[PDB]
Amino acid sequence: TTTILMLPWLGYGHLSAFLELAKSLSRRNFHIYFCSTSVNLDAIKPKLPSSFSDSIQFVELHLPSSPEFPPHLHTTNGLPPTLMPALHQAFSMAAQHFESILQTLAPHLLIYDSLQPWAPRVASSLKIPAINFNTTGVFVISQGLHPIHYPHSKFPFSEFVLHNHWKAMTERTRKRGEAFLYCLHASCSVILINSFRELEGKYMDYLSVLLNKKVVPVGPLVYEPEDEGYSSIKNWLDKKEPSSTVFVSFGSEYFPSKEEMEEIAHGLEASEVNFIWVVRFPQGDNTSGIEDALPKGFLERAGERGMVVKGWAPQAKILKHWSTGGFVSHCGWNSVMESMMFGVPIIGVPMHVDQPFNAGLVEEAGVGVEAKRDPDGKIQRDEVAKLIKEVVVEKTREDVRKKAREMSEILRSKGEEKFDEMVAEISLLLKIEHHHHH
């Protein structure tokens, strides 16, 4: 049996997408070693049905630990943002443990994420082929690589303009970029990406030219789950009108500022929509409460229309509920893919990293709308309220709703043939590499 070790970056969205890919590979008679920190493995274990217990094996990776950065913080999930550089550095320091794991397990292939250039380096030293799997979409990667080759030319095939807020948003950025570049360039023969041609084909073709490598889509990769946490939420949603409610979430690794929450809250209130909003506090803060993060009296004024959930909610179950008419989202790529799969239009409030590019692609495909920031880069309560009202409450953006339903139909028609290309490229790569090693 051909064995694959998978090494996601230490974020919940990365773990989730890698796990869905692991499931699809396991059904093609690959044996998977799924490698991450213990805190990440514990968070993802509930998402693996017992049907996979024999073919997907978890392997713990150990990072350097200290009382001030202990192992339960070795994840981006709820991590204080100021600890993000320490987490990247600690992950790079796991390379020797990673080498010993690869020596002991001797997998035939490594599939690695784009935040760990040390991983393909270790694999190559051990004569283990390594392929890069990207859990973002293609658009942001092609936008990042284009200036390296065409520094004086506008990006082709798109009218998207990045807001000055993010253009402004030095060596931390450069080294993360150069690490990302290495991960792409080091990949053996192909790169894998969680996207699909109907959405991003022209950008995959362009990225393939920029890299001189085949770009292989393996998307849509979307996780779909008796549940007590959803029960209370389900009971509330069951009393609402169809397509009347928005889910509001900024993902697993972002905490909007007090001012950002103010604009979102006032946008929700003015729109008169029903909403479920996930509000979170960073690890180590178990004093803070919902009431302090929100404007004074906001939940009192919202009354029956509003529900705030602390910490975490069953996002996929909520989006699939017939009451949900929209998704106010930071536009993390897994959230975008889920929203498209479930046919829910996106109201984009991107915050950082790849999100503004994802929101621009959402707008371009017409399956959602982006709440634009004002000249100074602030979220605008008026823009949030107007888009919720148009898309969900009054439903005057029927173009958006129809395109989102159309996209869902397309995505639901896809089957296991979406993995045919990846499996053939893996087979070829391993057969070429077997001759080399000989």
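One-based numbering along the sequence shown.
Colleague: Select one of none, 1 to 3, 4 to 9, or 10 or more to describe the deposited residues without coordinates separating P225 and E226.
Modeller: The entry has a gap there, with 4 to 9 residues left out between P225 and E226.
Colleague: As recorded in the PDB entry, how many deposited residues are without coordinates between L105 and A106: none, 1 to 3, 4 to 9, or 10 or more?
Modeller: Missing residues, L105 to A106: none.
Colleague: Highest mean C-alpha temperature factor of the two stretches 295-303 and 352-360, which is it?
Modeller: For C-alpha atoms only, the mean B-factor is higher in 295-303.
Colleague: Looking at the entry, does 143-151 or 283-291 show the higher mean C-alpha B-factor?
Modeller: 283-291 has the higher mean C-alpha B-factor.
Colleague: Looking at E171, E253, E200, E338, which has the biggest Cα B factor in the entry?
Modeller: Out of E171, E253, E200, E338, the record gives the largest C-alpha B-factor to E171.
Colleague: Determine which member of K320, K239, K213, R121 has the highest CA B-factor, using the values in the deposited entry.
Modeller: The C-alpha B-factor peaks, among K320, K239, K213, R121, at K239.
Colleague: Give the position of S38 by CA B-factor within its chain, expressed as the lowest, middle or highest third.
Modeller: For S38, whose C-alpha B-factor we compare with every modelled residue in the chain, the answer is the middle third.
Colleague: How does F247 rank on Cα B-factor within its chain, lowest, middle or highest third?
Modeller: Lowest third - that is where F247 ends up once the chain's C-alpha B-factors are sorted.
Colleague: Would the CA B-factor of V59 place it in the lowest, middle or highest third of its chain?
Modeller: Answer is lowest: the recorded C-alpha B-factor places it there.
Colleague: In terms of the chain's CA B-factor thirds, is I388 lowest, middle or highest?
Modeller: As the PDB entry reports it, the C-alpha B-factor of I388 lands in the lowest third of its chain.
Colleague: Which third of the chain does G137 land in by C-alpha B-factor: lowest, middle or highest?
Modeller: Middle third - that is where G137 ends up once the chain's C-alpha B-factors are sorted.
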